[PDB]
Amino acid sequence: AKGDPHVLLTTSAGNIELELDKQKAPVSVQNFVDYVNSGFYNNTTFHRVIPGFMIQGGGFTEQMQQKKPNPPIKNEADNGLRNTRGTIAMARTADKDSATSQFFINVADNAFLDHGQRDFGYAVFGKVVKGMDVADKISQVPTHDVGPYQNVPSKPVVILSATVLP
């Protein structure tokens, strides 16, 4: 939750400020900060949005092109942090340690994503300290509705810049 590093995401729909929990998720925070400082998240979008659930981004450009991320990181979902409204967590595939650059912001309590005995879960590494209204807005933009990409916005919100604050 309330950690130390602060990151500002300036999007085409508004600004979102994050507070990263360096003590509870050291690996996740360092990985995220490295992407931020390298300008990796600049011009990436929230390519997957689900009303009442979450908004996911950090992997595709405005042209819907997948960017080349750095090596995956270990999953820190066992750090006790829960996927409650306002938290930011790492997206990943089947393998628990496959998270790279994609992250999502929970706009509601998504306890089914928390670490459990049957699935390792998704690692929470921070929370939104400002701009939750913006996150909510992003989750409600119109999306496609046919194939496996029906959660992709017609016009994905773009992250114009991401910056670590002083």
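From 1 onward, residues are counted along the sequence shown.
A.B. asks: Out of 101-109 and 26-34, which one has CA B-factors that are higher on average in the deposited record?
C.D. replies: Result: 26-34.
A.B. asks: Averaging C-alpha B-factors over each stretch, which comes out higher, 113-121 or 64-72?
C.D. replies: Result of the comparison: 64-72.
A.B. asks: What third of its chain, lowest, middle or highest, does the C-alpha temperature factor of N79 fall into?
C.D. replies: According to the entry, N79 has a C-alpha B-factor in the chain's middle third.
A.B. asks: According to the PDB entry, is the CA B factor of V164 in the bottom, middle or top third of its chain, that is, lowest, middle or highest?
C.D. replies: Its C-alpha B-factor, which the entry lists for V164, ranks in the middle third among residues of this chain.
A.B. asks: Test of reading the entry: by CA B factor among the chain's modelled residues, which third contains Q56?
C.D. replies: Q56: CA B-factor falls in the lowest third of its chain.
A.B. asks: How does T45 rank on Cα B-factor within its chain, lowest, middle or highest third?
C.D. replies: It belongs to the lowest third of the chain when residues are ordered by C-alpha B-factor.
A.B. asks: Using the temperature factors of the C-alpha atoms in this entry, rank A13 within its chain: lowest, middle or highest third.
C.D. replies: According to the entry, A13 has a C-alpha B-factor in the chain's middle third.
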